[PDB]
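So this first bit is one chain, no partners, the form deposited in one PDB entry, shown in structure tokens.
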């Protein structure tokens, strides 16, 4: 009942996006599948699990309408490996015929009724330039520390205030808040919700074309407990369930006046961190020793090596000697899309403030809170 024809690249691009974030999974077989729907004008490619859904619609010559359920990872891997010709697709009983140039395929099909029905639209709360979203999330997500660790509730907080968006991501060592200006598709609206880095970042990492990223949480009176978040892009559209966990109240953590402040060249600092960090322990510390006109960046191993570098800086205040985890600090410096950096600390046991200095519930546009280490 289903027959379509489109360009290989378009079909490859559409599937990969629906079959990356959420699939790549064998948990329940009846759900490794991706749904192909042959609407009168285009092909829609659908997919989800129990929480995060994804949908892609692309141009097609659908000769016969209908739908079909085929292996997720497989189709992706196939469409990318196929020739740069058009591809023809026919469903024959419960097998799918797929021809692209001189290559034939036959894939086992799954029953179209077993597949869950996707989530809908939480009404458009507003939109913003995809480049901005790409940056915002890209910055903040550096701080929701999650690598080889168990995924403790790992989320980027998203707050809407009239037309002011605030993105906050933290673990417990670092806190990254970013502010954002918004074409808010509703009157002044207030919304503070939590949605896990995992997916959110990817929708943004898509690195969408233009000013078309479209945040769907509803225009209502706060989006309800229907834990949904829609991202809509140029044809690409994905929902994701939002966590029930509560974010810290970050405004608290941020100081107004800080006992001491200085500024230095980002590039140069990142090169010297990695320089002296080479000798840093498994208890990774790096010692910054602030004085007028200069900082003595040093680190050491309690056994095997010692390192130090004098760097120029514009310091001002009562000298501070303080240490950081070289990786969380360098994450910060990188996070700042700035040539130079503002440092705002209070005590060698109180958070230090990383702000971008591109000279010539938040404070400036990008703010980055870093916990110190002791001795």
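Just so we're on the same page, rigid core means the largest C-alpha set that superposes within 1.5 Å between forms. Numbering follows the first chain given and starts at 1.
Check your understanding: How many residues sit between residue 360 and residue 361 in the deposited sequence but have no coordinates: none, 1 to 3, 4 to 9, or 10 or more?
Key -> Per the deposited record, the segment joining residue 360 and residue 361 lacks coordinates for 10 or more residues.
Practice item. Look over 138-146 and 215-223 in the entry and identify the one with the greater average Cα temperature factor. Key: Going by the record's values, the stretch with the higher mean is 138-146.
Point to revise | 323-331 set against 39-47, stretch whose average Cα temperature factor tops the other in the entry | key: Looking at the record's C-alpha B-factors, the answer is 39-47.
Point to revise | Most elevated Cα B-factor in the entry, residues 206, 286, 177, 193 | key: That would be 206.
Practice item. For the C-alpha B-factor as written in the entry, point me to the maximum among 187, 129, 230, 126. Key: Each of 187, 129, 230, 126 was compared by C-alpha B-factor; the highest is 187.
Review point. Of the three thirds of its chain by CA temperature factor, lowest, middle or highest, which one includes residue 162?
Key: Residue 162: CA B-factor falls in the middle third of its chain.
Practice item. Sorting the chain's modelled residues by C-alpha B-factor, tell me whether residue 59 ends up in the lowest, middle or highest third. Key: Highest third.
Check your understanding: Comparing residue 258 with the other modelled residues of its chain, is its CA B-factor in the lowest, middle or highest third?
Key -> Highest third - that is where residue 258 ends up once the chain's C-alpha B-factors are sorted.
Check your understanding: By the record's CA B-factor, is residue 282 among the lowest, middle or highest third of residues in the chain?
Key -> CA B-factor rank for residue 282: highest third.
Review point. According to the PDB entry, is the CA B factor of residue 81 in the bottom, middle or top third of its chain, that is, lowest, middle or highest?
Key: Its C-alpha B-factor belongs to the middle third of this chain's values.
Heads up, the form deposited in another entry isn't pictured, but that's what we're talking about next.
Practice item. Pick out the one residue among 101, 224, 116, 108 whose C-alpha shifts by 2 Å or more between this form and the one not shown, once the rigid core is superposed. Key: Just 224.
Point to revise | Per-residue C-alpha change between this form and the one not shown, residue 149, threshold 2 Å, rigid core fit | key: Yes: residue 149 shifts by at least 2 Å between this form and the one not shown.
Practice item. Classify residue 351 as shifted (yes) or not shifted (no) between this form and the one not shown, where shifted means its C-alpha moves by 2 Å or more with the rigid core superposed. Key: Where the cores coincide, residue 351 shows only a C-alpha shift between this form and the one not shown that is less than 2 Å.
Point to revise | Large Cα move at residue 207 between this form and the one not shown, threshold 2 Å, rigid core | key: After core superposition, the C-alpha of residue 207 moves 2 Å or more between this form and the one not shown.
**Study point:** Distance direction in that other deposited form for the C-alpha atoms of residue 77 and residue 24, relative to the displayed form (3 angstroms or more)
**Key:** Farther apart, which means the C-alphas of residue 77 and residue 24 are at least 3 Å more distant in that other deposited form.
Practice item. Given a change of 3 Å or more, say if the Cα atoms of residue 78 and residue 24 sit closer or farther in that other deposited form than in this form. Key: Between the C-alphas of residue 24 and residue 78, the gap widens in that other deposited form (3 Å or more compared with this form).
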